[PDB]
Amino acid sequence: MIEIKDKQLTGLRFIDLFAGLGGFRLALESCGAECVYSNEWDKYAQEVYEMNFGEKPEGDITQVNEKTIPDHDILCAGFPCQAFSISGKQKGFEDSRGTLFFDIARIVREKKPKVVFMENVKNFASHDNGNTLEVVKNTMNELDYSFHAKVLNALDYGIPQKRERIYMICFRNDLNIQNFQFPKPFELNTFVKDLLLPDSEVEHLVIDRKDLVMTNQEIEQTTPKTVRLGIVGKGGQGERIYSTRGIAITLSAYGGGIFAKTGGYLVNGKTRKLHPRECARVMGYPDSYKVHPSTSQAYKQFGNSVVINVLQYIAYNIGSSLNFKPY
């Protein structure tokens, strides 16, 4: 993450829904805001959140009375993507997991915060020929909010990971905000090779497979693109090997293969997967965030999370526009 000097959101309040690791919370506090409610139902994620933050989130959002929820200015939410991802079966609103959106709509109708901040995957902008996206725009409008949505790639905001996601910012109409803008892109100056741990700490992750088929040569100079070097097996998800002189592929939560969830990389002569701490870094997490003791649960957790740095750039802009009140 990046350090913010102008704490533009001092004094405002927010809630962390579908918390996971608390990425939306690290980002929003670096700007001065206060968290007054969190919700997340997974046992293991509740263990890490409490360990880093010291409070335990409520559970199941579907059986919580929206009238118990504390007053708040900003509502934050990265909802489940499985029923929208380009990796699954694409069932959408018909899926038991693809309806969580209407629970946010319930909370919003009763509490009416100043701002609504949501995140989801790339395919969500196109799914169902764009109808799925239009159901969200039209609902937020009916509730009396404006609607801003864009796809941003992390490699354009300083982190070397090819992660494309859709971000949705919404403002209540009596505030008359007319100058919100998405942050502007810049050049990448950090590559995968600059974030790895010493060879003595990742030796147990080294993999010597005999069906290794190198299909490209190691590159000489750094490039802000994923450069594939080889394959194992048939070369499906989890069997592709990449160069450390470029950028990392998207981490996932339920992925498989011999190099499950992180991808394989050619490091100092041998192919291996990424360590949890290295996963933290490619997502923008500080070295002081304490990871879960179960390696398995940690990989899953970083797979479902958001890149802190990108959230930090967006939150400053939300603040700049809210603080512009001339005579």
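When you see a residue number, it is the position in the sequence shown, counting from 1. If you superpose the two forms and keep the largest set of C-alpha atoms that fall within 1.5 Å, you have the rigid core.
Can you check whether 147-155 or 229-237 lies farther from the displayed model in 8 other deposited structures of this protein, averaging C-alpha distances as RMS after superposing on the core? Result of the core-fitted comparison in 8 other deposited structures of this protein: 229-237 deviates more.
Core-aligned, RMS over all structures and residues: is 201-209 or 76-84 the stretch with the greater C-alpha displacement in 8 other deposited structures of this protein? With the rigid core fitted, 76-84 is the stretch that strays more in 8 other deposited structures of this protein.
Looking at the deposited entry, does 308-316 or 8-16 carry the larger mean Cα B-factor? The entry gives the higher C-alpha B-factor average to 8-16.
Taking the mean of the C-alpha B-factors per stretch from the entry, tell me the winner out of 169-177 and 85-93. It is 85-93 that shows the higher mean C-alpha B-factor.
Which one of 28, 282, 64, 274 shows the biggest C-alpha B-factor in the PDB entry? Of the options given, 64 has the highest CA B-factor in the PDB entry.
Highest Cα B-factor in the deposition, which of 219, 155, 249, 104? That would be 219, according to the entry.
In terms of the chain's CA B-factor thirds, is residue 40 lowest, middle or highest? Middle third, going by the recorded CA B-factors of the chain.
C-alpha B factor of residue 69, ranked within the chain: lowest, middle or highest third? For residue 69, whose C-alpha B-factor we compare with every modelled residue in the chain, the answer is the highest third.
State the tercile, meaning the lowest, middle or highest third, of residue 234 with respect to the CA B-factors recorded for its chain. Highest third of the chain for residue 234's C-alpha B-factor.
Assigned third (lowest, middle, highest) for the C-alpha B factor of residue 130: For residue 130, the deposited C-alpha B-factor lands in the highest third.
Taking the entry's C-alpha B-factors for this chain, is residue 262 in the lowest, middle or highest third? For residue 262, whose C-alpha B-factor we compare with every modelled residue in the chain, the answer is the lowest third.
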